[PDB]
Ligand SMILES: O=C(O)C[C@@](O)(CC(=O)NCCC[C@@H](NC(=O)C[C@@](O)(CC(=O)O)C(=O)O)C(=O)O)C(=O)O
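We begin with a single chain expressed as structure tokens, specifically the form solved without the ligand.
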């Protein structure tokens, strides 16, 4: 057994050179494999086929679900007898010992990784699978496409942007160092949540995100909002109570038609090359709609 030594979040991992059958425990890792022409044999898809973004889903074809990302089914992982497991360095610390009994396991950033960190995980996966050259070519293609979309997004970058999900009668905002915040910065946007602003709102942190009630949204008053929801729906009970609020109606982004509701699976959960390409493409389309 020859191996390839790579670094992951726990140190060195010796990956067998014959690794072909791979179980992945986050969506970004499934994108990484598909980009490299590898079909994972198992995926923690939360029991929802639609959670794997369409172009990735269709490329991979049939696979076996190993259950939720929160609590993967180790019986199902062990039954697959994989060559390699790719686990999330934040989600899967608890099961790491058990996973290592089953197969060589890489522990890589996804859930707690920003845009660049997710890219890096992709690079580690490419190296682990003796596909470094293929990964370089794919990433050069990706970067060229992202920059092409950047140039095609017509929005005025001086309109500061707030990316957020809906939570508890307000917005749970993704700050400038989040995956979404950093990606928007890559596209030349200015996050409304500057470092100073976020410092001044930190008593409202809930882990990685900032809870903003309508009072604090009104104070921030970002020129643009991107609200990520399941199925890109805007008629949930929570969001409707928010949209009915008097302070909401006075917001600069609301009055001026600069609030866009986008798909949470694509924008927040996927964290892949294909999904970030689709996020950028969507911004181009939105920016080209009848100005009105």
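Only residues modelled in both forms are compared. Residue numbers count along the first chain shown, from 1. Only the largest set of C-alpha atoms that superpose within 1.5 Å between the two forms is called the rigid core.
Keep in mind the form solved in complex with the ligand is missing from the figure; the text below concerns it.
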Answer option from 149, 115, 155, 204, heavy atom within 4.5 Å of the ligand in the deposited bound form: 204
Which one of 167, 95, 197, 139 is close to the ligand in the deposited bound form, taking close to mean a heavy atom within 4.5 Å? 167
How about residue 264 - does it come within 4.5 Å of the ligand in the deposited bound form, if we only consider non-hydrogen atoms? yes
Tell me, yes or no, whether residue 172 is in contact with the ligand in the deposited bound form, where a contact means a heavy atom of each within 4.5 Å. yes
Give a yes/no on whether residue 268 approaches the ligand to within 4.5 Å in the deposited bound form, heavy atoms considered. yes
Evaluate residue 123 for contact with the ligand in the deposited bound form, applying a 4.5 angstroms cut-off between non-hydrogen atoms, and reply yes or no. no
Partner-facing stretch of 139-147, 96-104, 69-77, 182-190, counted where any non-hydrogen atom is within 4.5 angstroms of the ligand in the deposited bound form: 69-77
Taking only residues present in both forms and a 2 angstroms threshold on CA movement, what segments of three or more in a row shift between this form and the one not shown once the core is aligned? 167-171, 196-219, 231-235
